[PDB]
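Okay, here we've got a single chain as structure tokens, the form deposited in one PDB entry, with questions on binding and movement later.
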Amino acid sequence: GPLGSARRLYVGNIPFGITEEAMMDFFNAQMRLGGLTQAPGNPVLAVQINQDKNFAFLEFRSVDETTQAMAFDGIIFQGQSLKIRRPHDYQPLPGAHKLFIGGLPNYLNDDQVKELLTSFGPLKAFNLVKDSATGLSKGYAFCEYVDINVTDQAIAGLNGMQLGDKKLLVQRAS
């Protein structure tokens, strides 16, 4: 990062003995049949396989086609459900998935509020808004998860839900 790894994807649980050629042919055919290709020709340019640990990396011709291909997570290939993920070194830009948390009791401190949020997964940023003159909470906070796929799980699990006599609001910041 910040701009590395934008045209590669991790593929796990690949079928044993599968060749780089056959995997490339499979993925290129699915892109066409599923309507995910954005131009004539093949979106996947190359495949690299680690046979010992049963995983591959796909290399795409474009940034947007790499993003679209994530919709194939779970697809069954020769009896195996494939695990499709971003590369470890891929990171979205800072603040891309920032969340606003509203309707918190104002007597709770930072760590007590962080407890509710980290139950869904680790955070890479957090701030509980306070009155700087007195140090007292204003009842709302901002955060961002390390895994951006947890963002929607947190929204689903906490938005519109009861917390005391208050209802929580959890939504994307803006």
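All residue numbers are counted from 1 along the displayed sequence.
Higher mean CA temperature factor, per the PDB entry, when comparing 8 to 16 with 158 to 166: 158 to 166. For the pair 116 to 124 and 63 to 71, the mean B factor over Cα atoms is greater in 116 to 124. Within the listed group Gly135, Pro43, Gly139, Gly34, the record reports its top CA B-factor for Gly135.
Ranked against the other modelled residues of its chain, the C-alpha B-factor of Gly102 as given in the entry falls in the lowest third.
Ranked against the other modelled residues of its chain, the C-alpha B-factor of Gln51 as given in the entry falls in the highest third. Among the modelled residues of its chain, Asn149 has a C-alpha B-factor that falls in the highest third according to the deposited record. Sorting the modelled residues of the chain by their CA temperature factor places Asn28 in the lowest third. Ranked within its chain, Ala39 lands in the middle third, by CA B factor from the PDB record.
Separately, the form deposited in another entry exists; it is not shown, and the next lines address it.
Between this form and the other one, the CA-CA gap for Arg85 and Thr151 widens by 3 Å or more, being larger in the other form. In the other form, the CA atoms of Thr151 and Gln68 move farther apart by at least 3 angstroms compared with the shown structure.
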